[PDB]
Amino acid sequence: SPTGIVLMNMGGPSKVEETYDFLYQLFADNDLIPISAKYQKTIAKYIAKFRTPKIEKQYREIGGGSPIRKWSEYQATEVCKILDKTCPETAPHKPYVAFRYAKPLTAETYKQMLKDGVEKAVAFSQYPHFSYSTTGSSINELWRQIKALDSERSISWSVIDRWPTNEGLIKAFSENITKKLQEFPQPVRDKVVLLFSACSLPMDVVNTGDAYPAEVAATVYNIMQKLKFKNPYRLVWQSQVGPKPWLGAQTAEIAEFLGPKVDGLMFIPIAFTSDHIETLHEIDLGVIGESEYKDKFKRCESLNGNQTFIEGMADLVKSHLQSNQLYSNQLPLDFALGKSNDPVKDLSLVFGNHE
């Protein structure tokens, strides 16, 4: 009886070649992308090819790959290597990764787990901050992928659906921020403004009651507490695209408006745990590199393989499994408020034993 530890997120293409199919999946989405009716399938192809050149340039501009997959797997591995030493009752812990839109997709990793012999599996959403658009979709696909590949409930699932202030996280973001603050002249240090940048969200998700904005803010404040508020800081938002209004102080505009007003400025990837397109591209090449004030624009190191961070992830799964609950008590609220053309309508059915 081995235990599946499944790191989940929306993923990125490990290689430039995987960009079309990645995009197709995203635009084929039920929930998020505006549904014609049945016709995502069709029209999603008609936009993936349209947008595949531009996003391909980008991934090539950072080394021809999204680092999400390697970093997901690597994390999932050291987690289980501590897990198998820390929770014997649960061992063996077999690491897995399953992305909502990149490879390996949810179906592709479910069948691997089924041939592999896992009996209970932990859907460990790699987002410390639940949003229905992220950790909701990843769950709602898992349900579809449970009714298909497993209509007689061989694998018993739970889900770590958020962890905004796990202390390995909070602590790893400090130290990192402090050590990235030491790259600054030193008479400036304490006046560098820590700009915490989270991927944004349409206002129409925000206005449903989504948990994501406040849960990000909880992580920021906890960091600044351990930093004893040495520095100024603001939580701002990046990655706005499309025509509808999105959330709150666009990261790029704030840095411009501040550039000629500040001795310096640090960017913090507050809402993801490894480098990906948002860090290596949008900030490094896009917000920092295309800027006059680039010499005072520095970015804090992403979490990735941070020893302190991975151990904090370890104790999180450790304490999730040993306290034997299937999901946080926010999750029924999350799904009652979220909007989706095909939703989990009972998380009791989805997680736990049902053979």
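In this text, residue numbers run from 1 along the sequence as written.
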- Message: Using only C-alpha atoms and the B-factors in the entry, which stretch averages higher, 47 to 55 or 300 to 308?
- Response: 47 to 55
- Note on the structure: Once average C-alpha B-factors are taken from the entry for 331 to 339 and 16 to 24, the winner is 16 to 24
- Item | Candidate residues 213, 92, 209, 164, the one whose C-alpha B factor the record puts highest | 92
- Based on what the PDB entry reports, which of 193, 148, 79, 255 has the top C-alpha B-factor? 148
- Item | residue 87 - Cα temperature factor, lowest/middle/highest third of chain | highest
- For residue 119, return the chain-relative third of its C-alpha B-factor as stated in the PDB record: lowest, middle or highest. highest
- Tell me, lowest, middle or highest third: where does the Cα B factor of residue 160 rank within its chain? lowest
- On the chain's distribution of Cα B-factors, residue 107 falls within the third called highest
- Lowest, middle or highest third of the chain for the C-alpha temperature factor of residue 62? highest
